[PDB]
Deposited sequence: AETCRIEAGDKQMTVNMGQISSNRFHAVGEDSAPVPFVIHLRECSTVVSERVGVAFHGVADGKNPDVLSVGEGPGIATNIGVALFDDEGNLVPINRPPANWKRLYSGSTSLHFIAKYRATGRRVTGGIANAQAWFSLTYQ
């Protein structure tokens, strides 16, 4: 059997996160607006797509290991990470073992989550690997 042909939103698999308004974050753990994205599992048997576990891997924020780091440097935002959620509002912590759900479209949500007391503005890009582990 073939594995699933994985496609995202656009062909570049880039999720547009918008812009950071630093003065909107007031407490550690506060989340910005939801950014939905979908990952499609195409051209594979339901025998296969029903039996795949998924995980997000990346460099974690230095204060919150469950969310993605936006990096460091001049003009880079501080004290926020990129948090990932399933379509039921549950956090999907990064760098965890493959996880299963119970369809060939996985709907996720990305948000900026405050990881420190005083958030500062700037560019807030993140990178992740979406891994599918086949049974």
- Chain regions without C-alpha coordinates, deposited sequence numbering: 103-107
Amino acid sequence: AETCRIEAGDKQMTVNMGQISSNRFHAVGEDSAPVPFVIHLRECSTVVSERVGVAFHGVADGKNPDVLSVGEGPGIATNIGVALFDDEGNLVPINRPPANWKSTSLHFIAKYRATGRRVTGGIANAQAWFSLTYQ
From here on, numbers count along this sequence of modelled residues.
- Stretch with higher mean Cα temperature factor, 24-32 vs 66-74, is 24-32
- Look up the CA B-factors in the entry and say which stretch, 125-133 or 1-9, has the higher mean. 1-9
- Task: Identify, among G89, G53, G81, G58, the residue whose C-alpha carries the highest B-factor in the deposited PDB entry.
- Result: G89
- Message: Going by the CA temperature factor in the PDB record, which third of the chain does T46 belong to: lowest, middle or highest?
- Response: lowest
